[PDB]
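Have a look below at one chain only, the form deposited in one PDB entry, in structure tokens format.
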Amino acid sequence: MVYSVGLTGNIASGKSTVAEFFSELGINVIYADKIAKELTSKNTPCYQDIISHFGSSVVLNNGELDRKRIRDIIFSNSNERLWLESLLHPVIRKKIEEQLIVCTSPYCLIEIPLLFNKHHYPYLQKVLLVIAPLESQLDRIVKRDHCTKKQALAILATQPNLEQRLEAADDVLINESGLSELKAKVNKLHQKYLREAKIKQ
């Protein structure tokens, strides 16, 4: 398969911006969260499996899934979390693999959503973890959800501690400056992945 780099972190740390910067370098970026959404869109097969399991309470006026409600449920309920992971992991993985087959770039970037499950992604050559200072994260969450700083802090409080992620990452992008420097760092990582992809089989 193609040389694959896993992009991890939370969106409040600038993960989406980093992904876009890789795209700006001509790298195919596979968004696993987008895939998860597309696979659970209105009147899809998995969408019907989910409603059949969770019932009508996770259905909005739209007919669309109440994703916030589902996330809240599986966070506190491990049985439901494992059920949903068992449903979607196989289908998500097949969709990623399809994109990798038709990958046109020298290597591929795979944006893994914030709940990283490394076991379900054996095919990665590298893991890139994006982190940012706490204050920046709060600021970003505040603007994106118009909530309060205290609420933003609570939202962050329920996120996985970075110790394991930090150990399980081959590279850590500390997003603690502006966008020019962030882009500069992505460019350096880009050169690195090109070099490693060239000499490793």
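Quick note: we count residues from 1 along the sequence shown, nothing fancier. Superpose the two forms; the largest set of C-alphas matching within 1.5 Å is the rigid core.
Beyond the structure shown, there is the form deposited with a small molecule bound, which is absent from this document and is the topic of what follows.
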With a cut-off of 4.5 Å between heavy atoms, is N187 one of the residues that contacts the small molecule in the deposited bound form?
no
Interface membership of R67, the small molecule in the deposited bound form, 4.5 Å heavy atom rule
no
Wondering, does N175 line up within 4.5 Å of the small molecule in the deposited bound form on heavy atoms?
yes
Can you check whether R144 is within 4.5 Å of the small molecule in the deposited bound form, heavy atom basis?
yes
Mover between this form and the one not shown (rigid core aligned, C-alpha >= 2 Å shift), picked from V91, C103, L124, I73, is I73
Would you say whether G55 is displaced between this form and the one not shown, judging by a C-alpha shift of 2 Å or more on the superposed rigid core?
yes
Out of closer and farther, which fits the Cα atoms of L60 and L115 in the deposited bound form compared with this form, where the change is 3 Å or more?
farther
